[PDB]
2 protein chains.
Amino acid sequence: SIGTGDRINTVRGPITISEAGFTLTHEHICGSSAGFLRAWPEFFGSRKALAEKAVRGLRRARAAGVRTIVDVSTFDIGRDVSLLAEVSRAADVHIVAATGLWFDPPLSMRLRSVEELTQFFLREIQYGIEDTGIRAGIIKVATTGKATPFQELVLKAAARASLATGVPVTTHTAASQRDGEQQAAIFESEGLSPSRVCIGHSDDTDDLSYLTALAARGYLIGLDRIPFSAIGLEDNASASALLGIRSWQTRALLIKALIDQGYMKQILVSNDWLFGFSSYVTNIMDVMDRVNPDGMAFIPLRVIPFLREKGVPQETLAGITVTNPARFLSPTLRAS
Amino acid sequence: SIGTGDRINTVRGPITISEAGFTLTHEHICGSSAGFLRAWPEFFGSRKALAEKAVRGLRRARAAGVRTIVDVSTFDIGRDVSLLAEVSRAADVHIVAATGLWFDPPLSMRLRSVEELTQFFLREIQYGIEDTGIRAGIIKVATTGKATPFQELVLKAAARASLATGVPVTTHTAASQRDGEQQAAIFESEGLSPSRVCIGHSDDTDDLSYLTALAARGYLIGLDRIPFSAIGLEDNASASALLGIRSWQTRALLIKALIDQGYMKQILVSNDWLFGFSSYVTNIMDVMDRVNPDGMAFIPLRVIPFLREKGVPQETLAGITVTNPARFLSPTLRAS
Ligand SMILES: CCOP(=O)(Cc1ccc(C)cc1)OCC
Ligand SMILES: CCOP(=O)(Cc1ccc(C)cc1)OCC
Ligand SMILES: [Co+2]
Ligand SMILES: [Co+2]
Ligand SMILES: [Co+2]
Ligand SMILES: [Co+2]
């Protein structure tokens, strides 16, 4: 394999691999829908209030050592690159933007062909998002169980955009249903190297056999929902469905498990947090903020020390939070 | 009933009823999806090509006498009020913007309550769309057969928004399935006067019994797809499913039929045309433009003279294209 320039695109421009530092690979400034933030900002109180909450949150994460976050918000998750650039500059935290499609694509997207979708992803990566010139540094895709026909087209287009640019692919999965396996099958059918792929939401499942099997093939495993837990919220149907009833310690231990299995170079950790959330029931953000007041600082403030306490070498934790993200994000073209 | 000031909101500001003039009540500058035009303008060649196409088309309509069009494009149809204002000023054609929801709502909308939706519609009507200050002059809703639970919520919120502001409601229907009847039931259960409602795409059915019954109740009947015909394009499945196999003369004669039944004041006619179309198969726009090169001028150039030669009085035609639209669009509050 070869590189493209040894630089990673952020909403403030390109940065060197060394500048990325401690990186949270799966985060959101706002979980919404295309055009929603600009059409109904009052849903989040106001755009200004959302930005300020994001800035406060990112500063606290930065204080705990976080220097970069990857906002995996796609077009259909309502990604607003202007908001990202604004909060990034105010908080002095690098933010890598994404292209791709989540599981709520509109008609204008759902009817497109794989070639058309491939051009859209390439546009956002090479030309820039909208008319901002801000280039995406990662491709986001997803499935909720077996891939629908359209989702298959999306993953293929993601693989092609990836092979052409060197930008990695990260995914949302229904961990329990072992989605990672079908996703891997499609990606490989397109010639994409597993090292360019992160199977996300893997901590949503306790099946270590499924995880280690994917890791053995070269895929990066995303344990990105560590703080998700509805324990003590059994009475909240909606919160329970999204967060699950497994403790954050349970999720965190999968990190230690994979390390023991010898897959430390293939682990990526994150919170899957956000500061705004309109694509779900109202006030879910409030419920979430009560579950995890640390927000994005949860990983450095509670997960890292937890792992260290239970035997994981500090050096190994540095490798997972600094070295793996850097190697993953560095635009990398396959050997021709 | 009562007036709110006797002025209609357009993307260029409020105009007097007499300024409206010849009005096409169901049109689109571009049929897309929220955020789609801003993120992938190349799909339409470019934003500039799209705008120039709209300007050329609007000037041709204007040349034929059209002074105002109602763009019933909602948030989820990709409504871009900035584009509307730009083409309106360059073509010097009044454009009334819409709020409401079509049948492609994203998650951030689909999960909202009737109360929340009611606040969104009111925002767009009273405060304005996004941060432009441009206020919607009509509310658009839709169903395609029996109403889904969310759709029932949309209709109720649309009714509440209309009752509080005086702004009319216009609908998309699967005419052949008589959607109009259920829409009316929901509207009346909220206390909305039938005179504030236009049951659209009614020319899509040949069941005059269904149309006359609704007209007898006070509803306005939208015969807005007159030029839609896939005749001669039998080998084009997608074009046939959307355009139908009935001639434009057949659709147009429904205008005469309703007039003969004594419902001239209940009729509103339009083309349901657009200059860009991304929420359907690729190149459908090219197919449509061949079918009807007159675009929005189809009504004044072909339909009006056609009805005139079938015995319809010129004055009755003026009442339909000038008087009815004005009566319909003028904000009207129910008697205290
Ligand atoms: C290897 C030295 O760690 P680091 O480069 C980045 C770093 C800080 C905090 C945590 C919990 C992990 C990693 O130090 C910050 C200046
Ligand atoms: C008396 C009504 O005519 P009008 O106001 C508007 C109007 C123009 C064209 C056609 C086809 C019908 C109506 O004439 C334009 C100056
Ligand atoms: Co996800
Ligand atoms: Co996420
Ligand atoms: Co319609
Ligand atoms: Co329409």
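Letters A, B, ... mirror the listed sequences (proteins, then strands); counts begin at 1. Values below: every heavy atom of this structure, side chains too, minus hydrogens, waters and symmetry copies.
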Closest heavy-atom contact between [X] and [Y]?
| X | Y | answer |
| --- | --- | --- |
| A:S279 | B:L111 | O-CD1, 3.5 Å |
| A:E124 | B:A39 | OE2-CB, 4.4 Å |
| A:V281 | B:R112 | C-NH2, 3.8 Å |

Can you tell me which of [options] forms the most heavy-atom pairs within a distance under 4.5 Å of chain B?
| options | result |
| --- | --- |
| A:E116, A:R38, A:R110, A:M109 | A:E116 |
| A:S113, A:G128, A:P106 | A:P106 |
| A:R123, A:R47, A:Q119 | A:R123 |

### Query
With respect to chain A, which residue among B:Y127, B:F75, B:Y280, B:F277 yields the maximal number of heavy-atom pairs within a distance under 4.5 Å?
B:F75
### Task
Give the member of B:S32, B:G31, B:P105, B:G78 that has the highest number of heavy-atom pairs under 4.5 Å with chain A.
B:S32
### Task
Please round to the nearest 0.5 Å and tell me the distance separating atom OG of A:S108 and atom CG of B:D104.
7.5 Å
### Task
Below 4.5 Å from any heavy atom of chain B, which atoms of A:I129 appear? Answer side chain, backbone, both or neither.
neither
